[PDB]
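Some notes on the structure that comes next.
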Amino acid sequence: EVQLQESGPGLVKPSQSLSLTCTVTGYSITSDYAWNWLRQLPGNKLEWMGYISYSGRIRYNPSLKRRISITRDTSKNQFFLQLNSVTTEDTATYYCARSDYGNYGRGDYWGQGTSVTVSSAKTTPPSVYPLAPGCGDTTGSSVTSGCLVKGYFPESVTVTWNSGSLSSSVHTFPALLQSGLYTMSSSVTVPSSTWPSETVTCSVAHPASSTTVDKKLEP
Amino acid sequence: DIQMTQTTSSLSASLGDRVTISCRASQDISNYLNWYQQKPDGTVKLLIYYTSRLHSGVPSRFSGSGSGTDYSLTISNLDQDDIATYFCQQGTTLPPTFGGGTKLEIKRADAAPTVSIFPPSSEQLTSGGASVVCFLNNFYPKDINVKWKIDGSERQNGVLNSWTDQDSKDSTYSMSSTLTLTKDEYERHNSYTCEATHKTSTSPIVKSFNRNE
Ligand SMILES: O=C(O)CCCC(=O)Nc1ccc(/C=C/c2ccccc2)cc1
């Protein structure tokens, strides 16, 4: 029942500082253990950043000691990461974790990870386009429809579907960078006897821009 | 820093099988070695600490061995849930350091992709863009090739491909292919084809539409 979760901005400009919080519940950060910041860069290469012990002792990875600072607030049962002078190299998934303070050195509980992007690029909402079969494209047993989410920044985006039949297989394809901006897509497969009879619409949320659009799919 | 090396980054095995994943350290770490499971959503779980001791909750089909610099994780009676990346970590000195991980794929029966093509939308065309899209859904094995042809002529430039993670329940892969050209380029040609070449078939799977229809 120990739980950690990291929060903080998902987009930071080059040369500024990155700030994150880890909220701990079900255990007190003063009782025992070390409280760690880690990060995983593009290519899945995992890197320990530092800790604050339950007694307030602090240690840092030598590659980052010049730019890093970990603090705690025992009143809120939270610990914090500040990393200064960030560049694109600091784009990563950031993790908090509880570990043994010495002995076996095992990290026994981890947060889910939060994604931080370091770029000067502007926050842009997505364009959402319906994907329906062409007119002369007579089909068979079931029908695949989709949405194209193009030209947004930063990641991430959520695509949810509503149709009527719980025999809907959804696929969500990871986004790619198309010349500065992100593009992704999602598909849904429904029986041919439910569409175009029953309405199908995709919902695309983009929290960075706090936008939500719904495209109805038309034959 | 102690450098941790997992020489194998990719591994593919069948359900029930036994798999061994190896980890090596740049110096002697006296059995202070831990193993972790990272699921594709990024969730991380401790499996084994101090070479061979099970973390609370972990099934007994996970086990570990080793001494000195060489260590191994053994997963036997391999399960559908074990699709993950497996990382080692030395716990003897600061900074704590991790291996690059070994990705594990669960084998499955060969399956041919269900292919679909979509023309540019009404709305997109008004914007002056034109994206043709192709879904190749629910195939195995992962390796697959997609060829776009515009009026029969092959198109390599302006194509984006995106594979999903191995499906956690059925072990299939899916892929989207996206050809992006300008509205004017798009409107200069009649036929648009999407050709899937996969192990499951000797001849490609072809889907297309014609604008003059
Ligand atoms: O420098 C030394 O040799 C010993 C200093 C004592 C010490 O802090 N040991 C120690 C402290 C913390 C760890 C943490 C390991 C860890 C591993 C995975 C995730 C999060 C943390 C591992 C070892």
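Residue names in the structure tokens use chain letters A, B, ... in the order shown, residue numbers from 1 in each chain, and ligand numbers from 1 in the order shown.
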
Item to check | Expected selection as a PyMOL selection string for ligand 1 within 6 Å, only C-alpha atoms and all ligand atoms | outcome: (chain A and resi 36+97+99+101-102+105-107) or (chain B and resi 91-94+96)

Go ahead and write the residues just picked, C-alpha atoms, as a JSON list (two decimals), in the first residue's frame.
[["chain", "number", "residue", "atom", "x", "y", "z"],
["A", 36, "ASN", "CA", 15.26, 8.49, -5.07],
["A", 97, "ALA", "CA", 11.45, 5.37, -6.16],
["A", 99, "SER", "CA", 14.95, 2.10, -1.83],
["A", 101, "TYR", "CA", 19.21, 3.07, 2.47],
["A", 102, "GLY", "CA", 22.23, 0.86, 1.91],
["A", 105, "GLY", "CA", 20.18, -1.33, -2.31],
["A", 106, "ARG", "CA", 16.90, -2.45, -3.82],
["A", 107, "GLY", "CA", 14.21, -0.08, -5.11],
["B", 91, "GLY", "CA", 23.43, -2.52, -5.24],
["B", 92, "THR", "CA", 26.96, -2.36, -3.90],
["B", 93, "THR", "CA", 28.04, 1.27, -4.51],
["B", 94, "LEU", "CA", 26.87, 4.75, -5.54],
["B", 96, "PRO", "CA", 23.37, 2.62, -8.35]]

Next on the checklist: Could you tell me which residues of chain A sit within 6 Å of chain B when counting only C-alpha atoms, and give me the result as number ranges by chain?
Outcome noted: A: 45, 61, 104-105, 108, 112, 131, 133, 173

Using only C-alpha atoms, which protein or nucleic acid residues come within 9 Å of residue 148 in chain B? Drop anything in the same chain fewer than 3 positions from it, and give the result as a PDB file with N, CA, C and O atoms, in the first residue's frame.
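Contents of the output file selection.pdb:
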ATOM      1  N   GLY B 152       0.775   3.626 -59.723  1.00  0.00           N
ATOM      2  CA  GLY B 152       1.687   2.528 -60.004  1.00  0.00           C
ATOM      3  C   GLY B 152       3.154   2.755 -59.647  1.00  0.00           C
ATOM      4  O   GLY B 152       3.928   1.800 -59.548  1.00  0.00           O
ATOM      5  N   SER B 153       3.551   4.005 -59.446  1.00  0.00           N
ATOM      6  CA  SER B 153       4.966   4.325 -59.215  1.00  0.00           C
ATOM      7  C   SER B 153       5.278   4.343 -57.730  1.00  0.00           C
ATOM      8  O   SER B 153       4.615   5.024 -56.977  1.00  0.00           O
ATOM      9  N   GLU B 154       6.320   3.628 -57.328  1.00  0.00           N
ATOM     10  CA  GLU B 154       6.645   3.459 -55.906  1.00  0.00           C
ATOM     11  C   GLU B 154       7.016   4.771 -55.221  1.00  0.00           C
ATOM     12  O   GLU B 154       7.684   5.615 -55.797  1.00  0.00           O
ATOM     13  N   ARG B 155       6.588   4.915 -53.977  1.00  0.00           N
ATOM     14  CA  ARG B 155       6.843   6.114 -53.185  1.00  0.00           C
ATOM     15  C   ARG B 155       7.573   5.783 -51.878  1.00  0.00           C
ATOM     16  O   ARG B 155       7.013   5.129 -50.989  1.00  0.00           O
ATOM     17  N   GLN B 156       8.807   6.257 -51.757  1.00  0.00           N
ATOM     18  CA  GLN B 156       9.617   6.024 -50.549  1.00  0.00           C
ATOM     19  C   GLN B 156       9.595   7.234 -49.595  1.00  0.00           C
ATOM     20  O   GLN B 156       9.627   7.076 -48.375  1.00  0.00           O
ATOM     21  N   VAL B 159       6.712   9.001 -45.953  1.00  0.00           N
ATOM     22  CA  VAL B 159       5.980   7.851 -45.415  1.00  0.00           C
ATOM     23  C   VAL B 159       6.375   7.650 -43.969  1.00  0.00           C
ATOM     24  O   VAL B 159       7.562   7.624 -43.650  1.00  0.00           O
ATOM     25  N   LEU B 179       1.227   8.100 -45.738  1.00  0.00           N
ATOM     26  CA  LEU B 179       1.831   8.847 -46.835  1.00  0.00           C
ATOM     27  C   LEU B 179       1.290  10.269 -46.837  1.00  0.00           C
ATOM     28  O   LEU B 179       0.085  10.472 -47.023  1.00  0.00           O
ATOM     29  N   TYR B 192      -4.090   5.036 -55.667  1.00  0.00           N
ATOM     30  CA  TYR B 192      -3.236   5.006 -54.505  1.00  0.00           C
ATOM     31  C   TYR B 192      -3.258   3.609 -53.919  1.00  0.00           C
ATOM     32  O   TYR B 192      -4.322   3.116 -53.550  1.00  0.00           O
ATOM     33  N   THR B 193      -2.094   2.972 -53.830  1.00  0.00           N
ATOM     34  CA  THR B 193      -2.017   1.582 -53.388  1.00  0.00           C
ATOM     35  C   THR B 193      -1.132   1.363 -52.174  1.00  0.00           C
ATOM     36  O   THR B 193      -0.104   2.001 -51.980  1.00  0.00           O
ATOM     37  N   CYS B 194      -1.550   0.394 -51.387  1.00  0.00           N
ATOM     38  CA  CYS B 194      -0.898   0.032 -50.156  1.00  0.00           C
ATOM     39  C   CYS B 194      -0.621  -1.453 -50.255  1.00  0.00           C
ATOM     40  O   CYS B 194      -1.564  -2.231 -50.349  1.00  0.00           O
ATOM     41  N   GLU B 195       0.647  -1.850 -50.280  1.00  0.00           N
ATOM     42  CA  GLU B 195       1.010  -3.260 -50.491  1.00  0.00           C
ATOM     43  C   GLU B 195       1.756  -3.825 -49.291  1.00  0.00           C
ATOM     44  O   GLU B 195       2.864  -3.369 -48.992  1.00  0.00           O
TER      45      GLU B 195
END

Counting only C-alpha atoms, which residues of range 59-131 of chain A sit at most 9 Å from some atom of range 14-34 of chain A, and what is each one's closest atom pair with its distance in Å to one decimal, listed by chain and rising residue number, as JSON lines?
{"residue": "A:72", "atom": "CA", "partner": "A:29", "partner_atom": "CA", "distance": 8.8}
{"residue": "A:74", "atom": "CA", "partner": "A:29", "partner_atom": "CA", "distance": 7.0}
{"residue": "A:76", "atom": "CA", "partner": "A:23", "partner_atom": "CA", "distance": 8.0}
{"residue": "A:77", "atom": "CA", "partner": "A:24", "partner_atom": "CA", "distance": 5.9}
{"residue": "A:78", "atom": "CA", "partner": "A:23", "partner_atom": "CA", "distance": 4.8}
{"residue": "A:79", "atom": "CA", "partner": "A:22", "partner_atom": "CA", "distance": 5.5}
{"residue": "A:80", "atom": "CA", "partner": "A:21", "partner_atom": "CA", "distance": 4.7}
{"residue": "A:81", "atom": "CA", "partner": "A:20", "partner_atom": "CA", "distance": 5.2}
{"residue": "A:82", "atom": "CA", "partner": "A:19", "partner_atom": "CA", "distance": 4.7}
{"residue": "A:83", "atom": "CA", "partner": "A:18", "partner_atom": "CA", "distance": 5.1}
{"residue": "A:84", "atom": "CA", "partner": "A:17", "partner_atom": "CA", "distance": 4.2}
{"residue": "A:85", "atom": "CA", "partner": "A:15", "partner_atom": "CA", "distance": 4.1}
{"residue": "A:86", "atom": "CA", "partner": "A:15", "partner_atom": "CA", "distance": 5.0}
{"residue": "A:87", "atom": "CA", "partner": "A:14", "partner_atom": "CA", "distance": 4.9}
{"residue": "A:88", "atom": "CA", "partner": "A:14", "partner_atom": "CA", "distance": 7.0}
{"residue": "A:94", "atom": "CA", "partner": "A:20", "partner_atom": "CA", "distance": 8.7}
{"residue": "A:95", "atom": "CA", "partner": "A:22", "partner_atom": "CA", "distance": 8.7}
{"residue": "A:96", "atom": "CA", "partner": "A:22", "partner_atom": "CA", "distance": 6.4}
{"residue": "A:97", "atom": "CA", "partner": "A:34", "partner_atom": "CA", "distance": 8.5}
{"residue": "A:98", "atom": "CA", "partner": "A:34", "partner_atom": "CA", "distance": 5.9}
{"residue": "A:99", "atom": "CA", "partner": "A:34", "partner_atom": "CA", "distance": 5.3}
{"residue": "A:100", "atom": "CA", "partner": "A:33", "partner_atom": "CA", "distance": 5.1}
{"residue": "A:101", "atom": "CA", "partner": "A:33", "partner_atom": "CA", "distance": 4.9}
{"residue": "A:102", "atom": "CA", "partner": "A:34", "partner_atom": "CA", "distance": 8.5}
{"residue": "A:111", "atom": "CA", "partner": "A:22", "partner_atom": "CA", "distance": 8.2}
{"residue": "A:116", "atom": "CA", "partner": "A:18", "partner_atom": "CA", "distance": 8.3}
{"residue": "A:118", "atom": "CA", "partner": "A:14", "partner_atom": "CA", "distance": 6.0}
{"residue": "A:119", "atom": "CA", "partner": "A:14", "partner_atom": "CA", "distance": 6.0}
{"residue": "A:120", "atom": "CA", "partner": "A:14", "partner_atom": "CA", "distance": 6.4}

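Straight-line separation from CA of residue 206 in chain B to CA of residue 161 in chain A: 27.8 Å.
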
Item to check | Residue list (helix (DSSP H, G or I), DSSP) for chain B, as a ChimeraX atom specification | outcome: /B:80-82,122-126,183-186

Checklist entry - Distance CA of residue 11 in chain B-CA of residue 106 in chain B, one decimal place? => result 8.7 Å

Checklist outcome for this item: Restricting to only C-alpha atoms, whichever of B:14, B:7, B:127, B:37 is closest to residue 79 in chain B is B:14

Checklist entry - What does the distance between CA of residue 166 in chain A and CA of residue 168 in chain B come to in Å, to one decimal place? => result 18.9 Å

Checklist entry - Residues at most 10 Å from residue 20 in chain B, counting only C-alpha atoms, excluding those fewer than 3 positions away in the same chain, as an NGL selection string? => result :B and (11 or 63-64 or 72-76)

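Among the candidates A:128, A:58, A:64, A:92, the one nearest to residue 41 in chain A when counting only C-alpha atoms is A:92.
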
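Among the candidates B:184, B:39, B:200, B:23, the one nearest to residue 126 in chain B when counting only C-alpha atoms is B:184.
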